[PDB]
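Just the one chain here, laid out as structure tokens, in the form deposited in one PDB entry.
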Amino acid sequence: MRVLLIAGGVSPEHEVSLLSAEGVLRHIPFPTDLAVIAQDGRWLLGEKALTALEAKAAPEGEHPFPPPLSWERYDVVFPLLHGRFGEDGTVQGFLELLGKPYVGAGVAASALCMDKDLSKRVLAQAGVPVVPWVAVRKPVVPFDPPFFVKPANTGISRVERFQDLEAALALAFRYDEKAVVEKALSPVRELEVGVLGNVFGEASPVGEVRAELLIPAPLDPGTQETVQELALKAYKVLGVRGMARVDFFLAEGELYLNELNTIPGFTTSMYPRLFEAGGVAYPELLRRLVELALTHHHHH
């Protein structure tokens, strides 16, 4: 049993990815080798991957894709990547062709959960409350300001004026060919809940961000059970595997599902702390993640 942990990436969250790698490595209860995708896309292996991990950044790598690895020595791959190339199904699809088990959601769920237009389309069709939004490709917005203008696939510029719209599109178009424009909520409470499992997952306690984490979140009992049920329902509809951190918005008790993150930060990070308060310690959480990937691959 040996795990291949991939960290870094080409997305702007490259440095956050290496922060989660140091967390996973120190606790994961399996022999684990580290792979680092540098910011130029070239891979770093062996001692050079651990050195760049201590540097919290890999500006340039050595090995072009595909890297010189014997995939037959790794039983499970852990794509600990965030954003483009890592969370949107590309890395997932390559590991599928490779016949390799891997932690996290599949190709379809990764691409969908990383798309803020299409995921909202599926969630809304399933009856899940989401923020009113429109999709703008590289502009008709039916609701009045303020908006939140975001690129469709990322892991953002507040707009209070209609004349301030075509400028927020260019900042969002810097990261994508498509953007979303959704109605701003203020004031808003942000709720987050971790899910663990393949399709039919179990929920952690609900937490709240305010950078301060409230675990558990100060919620009336029916509201947090609604959060847990909305998370498990969206999780199952989207066919998410392994894990996901589902984020919500809360006005009064008007809950809106914000987004699903298939590769949550994995340092103190919210997702491990949520299942820590739910009786799943960080090593046991990583152990079940590796076993959920083997259970899906070799038994489904």
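Superpose the two forms; the largest set of C-alphas matching within 1.5 Å is the rigid core. From 1 onward, residues are counted along the sequence shown.
Peer 1: Unmodelled stretch from the deposited sequence between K138 and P139, which bin: none, 1 to 3, 4 to 9, 10 or more?
Peer 2: Unmodelled stretch: 1 to 3 residues, a short break.
Peer 1: Could you tell me how many residues of the deposited sequence sit unmodelled between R210 and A211 (none, 1 to 3, 4 to 9, 10 or more)?
Peer 2: The entry has a long gap there, with 10 or more residues left out between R210 and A211.
Peer 1: Name the higher of the two by mean Cα B-factor in the PDB entry, 57-65 versus 30-38.
Peer 2: Between 30-38 and 57-65, it is 57-65 that shows the higher mean C-alpha B-factor.
Peer 1: With respect to the recorded C-alpha B factors, which stretch has the higher mean value, 8-16 or 284-292?
Peer 2: Taking the mean B-factor of the alpha carbons in each, 8-16 is higher.
Peer 1: Kindly indicate the residue among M114, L98, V122, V149 with the greatest C-alpha B-factor in the PDB record.
Peer 2: If I rank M114, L98, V122, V149 by C-alpha B-factor, first place goes to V149.
Peer 1: Just to confirm, going by the entry's C-alpha B-factors, which of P129, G197, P205, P187 comes out highest?
Peer 2: Across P129, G197, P205, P187, the entry lists the biggest C-alpha B-factor for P187.
Peer 1: Is the Cα B-factor recorded for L50 in the lowest, middle or highest third of its chain?
Peer 2: According to the entry, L50 has a C-alpha B-factor in the chain's middle third.
Peer 1: Going by the recorded CA B-factors, say which third of the chain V227 sits in, lowest, middle or highest.
Peer 2: It falls in the middle third of the chain.
Peer 1: Ranking every modelled residue in this chain by its Cα temperature factor as given in the entry, which third contains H299?
Peer 2: Within its chain, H299 is a middle-third residue by C-alpha B-factor, going by the deposited values.
Peer 1: Looking at the temperature factor on the CA atom of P264, which third of the chain's modelled residues does it land in?
Peer 2: According to the entry, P264 has a C-alpha B-factor in the chain's middle third.
Peer 1: Classify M243 as lowest, middle or highest third according to the C-alpha B-factor given in the PDB entry, relative to its own chain.
Peer 2: Answer is lowest: the recorded C-alpha B-factor places it there.
One more form of this protein exists, namely the form deposited in another entry; it is left out here, but the text below deals with it.
Peer 1: Kindly specify the one residue in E166, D220, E72, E229 whose Cα moves by 2 Å or more between the shown form and the other one, with superposition done on the rigid core.
Peer 2: After core superposition, the single residue displaced by 2 Å or more is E166.
Peer 1: Using a rigid core alignment, state whether the CA of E182 is displaced by 2 Å or more between the shown form and the other one.
Peer 2: Comparing forms between the shown form and the other one, the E182 CA shifts below 2 Å.
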